[PDB]
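> Sharing a structure, written as structure tokens. Questions coming.
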Amino acid sequence: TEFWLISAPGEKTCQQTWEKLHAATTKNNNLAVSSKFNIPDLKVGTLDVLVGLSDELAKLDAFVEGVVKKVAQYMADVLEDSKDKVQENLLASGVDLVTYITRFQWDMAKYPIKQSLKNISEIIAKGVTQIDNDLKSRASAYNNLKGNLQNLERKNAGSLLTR
Amino acid sequence: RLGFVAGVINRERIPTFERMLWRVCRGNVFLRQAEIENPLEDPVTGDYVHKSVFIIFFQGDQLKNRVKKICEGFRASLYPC
Amino acid sequence: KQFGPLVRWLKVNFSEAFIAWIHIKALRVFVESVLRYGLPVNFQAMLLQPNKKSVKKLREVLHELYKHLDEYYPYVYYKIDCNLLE
Amino acid sequence: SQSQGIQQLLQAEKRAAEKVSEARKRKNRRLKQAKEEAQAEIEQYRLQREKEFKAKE
Amino acid sequence: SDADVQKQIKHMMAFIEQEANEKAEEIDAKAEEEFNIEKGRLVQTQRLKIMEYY
């Protein structure tokens, strides 16, 4: 399962381009399930900043993608049993990704739209950096406790020669 | 502050060069190209080649570095103006 | 005693990291739209779920819808992949 | 074509310099006004200390 | 392509206007701050000076 985000100008208003878009993508055939998407206006400025953001947001994209994938791998690492239920535990806003992607909402309380694009980008980075710090701590606890219980089982395992 | 750079290259590189400018500076670079009135000699091989001039316009050092990186990519000869 | 707390923390961390990831994708779209179209902005942010049988035809129809605006695309393009759980 | 872009780039830097200059002129005027309003309050405080000294005397 | 060159010309105009607005807005924001700072510094310094003599 995948989704695409796209953007294009309106002819005189934003509606006109979407009305053409969603019709062609649904009426010629089911090319894609098609809708508007939630992105706010933000405090824009100089090209120097926008170009900085163009590469900084690419480095941040790789970072936040690495964080969310690490969380999903940690869920598979704690689910040594009930592995089939991993999709019911990896939820965003209490729903599966297919739902939250389709129904996405910008968080104006965590990310206030009056702030500069730089400030919002740093706030995202700081938030996922503490998730990455909590993941470093929780792995350092869990992996050692797991390894110790496996070594206790390895001492108990096998015949009268090994147990 | 607004700024610009200028230089020369073999004319056949200009189409890919301009497409790469908008590919890296996402849809946004102003520029002009001009073919030279005669070919000019290669300083190493002595090959006369139909080079073209270019001039490129932007705001700030961040865009300056991108247009420069593309010029380096095509081995274009930049000059101050 | 670790497992219960870990699953709850990982549920929260996955939600927050994925929510934050879409905020980066939304910023990528926004900043690129401003660069691609200038400051008198009137663009619509839009979502598609491509059908796997038709995804190539979808790119061709999206190009046909947007060829006059200019991997690479003449419109702003980004993807979200649900395969995070492998 | 290109003549419009040439004039637009020439006017672009000019308009930018004007907008910066108008804001800098406002900034200098506000900084002068800050001194003037402080001085008017200072004269009232000096007058109060003088009246209070005459009362103590 | 002259129409795409004219799109780039129109885009450059839109970018410089917002850059010019951003610089002017920063200078005006600093002017409001420095008005309050300079007024407060001058008034308090002189008020304290005459109070010490009083």
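Each chain in the structure tokens gets a letter, A, B and so on, in the order shown; residues start at 1 in every chain, and ligands are counted from 1 in the order they appear.
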Residues of chain C near chain A: apply a cut-off of 8 Å, count only C-alpha atoms, and supply the list as a PyMOL selection string.
chain C and resi 2-3+6-7+10-21+23-33+35+37+41-51+54-55+57-58+61+65+75-85
> Sort by chain and increasing residue number a table of all residues of chain B within 10 Å of chain C, each with its closest pair of atoms and their distance in Å to one decimal, counting only C-alpha atoms, and write it as JSON lines.

```
{"residue": "B:22", "atom": "CA", "partner": "C:36", "partner_atom": "CA", "distance": 9.1}
{"residue": "B:23", "atom": "CA", "partner": "C:72", "partner_atom": "CA", "distance": 7.9}
{"residue": "B:25", "atom": "CA", "partner": "C:35", "partner_atom": "CA", "distance": 8.1}
{"residue": "B:26", "atom": "CA", "partner": "C:36", "partner_atom": "CA", "distance": 6.0}
{"residue": "B:27", "atom": "CA", "partner": "C:36", "partner_atom": "CA", "distance": 4.6}
{"residue": "B:28", "atom": "CA", "partner": "C:35", "partner_atom": "CA", "distance": 6.2}
{"residue": "B:29", "atom": "CA", "partner": "C:35", "partner_atom": "CA", "distance": 9.8}
```
> Mind dumping the selected residues with N, CA and C atoms as a PDB file, in the first residue's frame?

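The resulting selection-v9.pdb:
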```
ATOM      1  N   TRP B  22      17.059  24.017 -13.296  1.00  0.00           N
ATOM      2  CA  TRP B  22      15.703  23.910 -12.743  1.00  0.00           C
ATOM      3  C   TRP B  22      15.461  22.598 -11.990  1.00  0.00           C
ATOM      4  N   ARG B  23      16.183  21.518 -12.313  1.00  0.00           N
ATOM      5  CA  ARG B  23      16.084  20.250 -11.574  1.00  0.00           C
ATOM      6  C   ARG B  23      16.608  20.366 -10.145  1.00  0.00           C
ATOM      7  N   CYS B  25      17.568  23.613  -8.479  1.00  0.00           N
ATOM      8  CA  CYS B  25      16.868  24.759  -7.924  1.00  0.00           C
ATOM      9  C   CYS B  25      15.417  24.653  -8.379  1.00  0.00           C
ATOM     10  N   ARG B  26      14.623  23.888  -7.618  1.00  0.00           N
ATOM     11  CA  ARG B  26      13.340  23.280  -8.021  1.00  0.00           C
ATOM     12  C   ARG B  26      12.425  24.264  -8.766  1.00  0.00           C
ATOM     13  N   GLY B  27      12.475  24.213 -10.096  1.00  0.00           N
ATOM     14  CA  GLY B  27      11.673  25.035 -11.004  1.00  0.00           C
ATOM     15  C   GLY B  27      12.007  26.535 -11.045  1.00  0.00           C
ATOM     16  N   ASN B  28      13.118  26.999 -10.459  1.00  0.00           N
ATOM     17  CA  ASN B  28      13.398  28.429 -10.295  1.00  0.00           C
ATOM     18  C   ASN B  28      14.879  28.806 -10.484  1.00  0.00           C
ATOM     19  N   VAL B  29      15.229  29.281 -11.682  1.00  0.00           N
ATOM     20  CA  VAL B  29      16.483  29.975 -12.042  1.00  0.00           C
ATOM     21  C   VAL B  29      16.220  30.843 -13.279  1.00  0.00           C
TER      22      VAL B  29
END
```
> With a cut-off of 8 Å, could you pull out the residues of chain D touching chain E and give me the nearest pair of atoms for each, distance in Å to one decimal, using only C-alpha atoms, ordered by chain and ascending number, as a tab-separated table?

```
residue	atom	partner	partner_atom	distance
D:1	CA	E:2	CA	6.0
D:2	CA	E:5	CA	7.9
D:4	CA	E:9	CA	7.7
D:5	CA	E:9	CA	5.5
D:8	CA	E:13	CA	7.0
D:9	CA	E:12	CA	7.9
D:12	CA	E:16	CA	6.2
D:13	CA	E:16	CA	7.7
D:15	CA	E:20	CA	7.6
D:16	CA	E:20	CA	4.8
D:17	CA	E:20	CA	7.7
D:19	CA	E:20	CA	5.9
D:20	CA	E:24	CA	5.1
D:22	CA	E:24	CA	7.7
D:23	CA	E:24	CA	5.1
D:24	CA	E:27	CA	6.4
D:26	CA	E:28	CA	7.2
D:27	CA	E:31	CA	4.6
D:28	CA	E:31	CA	7.7
D:30	CA	E:35	CA	5.9
D:31	CA	E:35	CA	5.2
D:33	CA	E:35	CA	7.5
D:34	CA	E:39	CA	4.7
D:35	CA	E:39	CA	5.7
D:37	CA	E:39	CA	7.0
D:38	CA	E:43	CA	4.9
D:39	CA	E:43	CA	6.9
D:41	CA	E:43	CA	6.9
D:42	CA	E:43	CA	5.9
D:45	CA	E:47	CA	6.5
D:46	CA	E:50	CA	6.6
D:49	CA	E:54	CA	6.3
D:53	CA	E:54	CA	7.1
```
> Tell me, as a PyMOL selection string, which residues lie within 9 Å of residue B:10, counting only C-alpha atoms; anything in the same chain fewer than 4 positions away does not count.
chain B and resi 14+49-53+76
> So that I have them on file, write out the residues from the current selection with N, CA, C and O atoms, as a compact mmCIF listing (two decimals), in the first residue's frame.

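Written out: again-v4.txt:
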```txt
# COMPACT_ATOMS: atom_id res chain seq x y z
N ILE B 14 24.44 23.27 -23.23
CA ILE B 14 23.46 24.24 -22.70
C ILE B 14 22.07 23.64 -22.40
O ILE B 14 21.53 23.96 -21.34
N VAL B 49 36.26 25.15 -31.11
CA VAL B 49 34.90 24.70 -30.78
C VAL B 49 33.94 25.88 -30.67
O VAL B 49 34.29 26.94 -30.13
N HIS B 50 32.72 25.72 -31.18
CA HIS B 50 31.62 26.69 -31.09
C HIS B 50 31.05 26.77 -29.67
O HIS B 50 29.98 26.24 -29.36
N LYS B 51 31.77 27.44 -28.77
CA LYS B 51 31.27 27.74 -27.43
C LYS B 51 30.14 28.79 -27.46
O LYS B 51 30.01 29.59 -28.38
N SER B 52 29.37 28.81 -26.39
CA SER B 52 28.38 29.84 -26.09
C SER B 52 28.65 30.43 -24.71
O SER B 52 29.04 29.73 -23.78
N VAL B 53 28.42 31.73 -24.59
CA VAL B 53 28.31 32.45 -23.33
C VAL B 53 27.01 32.08 -22.61
O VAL B 53 26.00 31.79 -23.25
N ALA B 76 32.04 24.03 -16.93
CA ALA B 76 31.86 25.37 -17.50
C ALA B 76 32.88 26.38 -16.93
O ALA B 76 33.17 26.37 -15.73
```
> Any chance you could list, as a ChimeraX atom specification, the residues in chain A that come up strand (DSSP E) when DSSP is run on the backbone?
/A:2-8,32-36
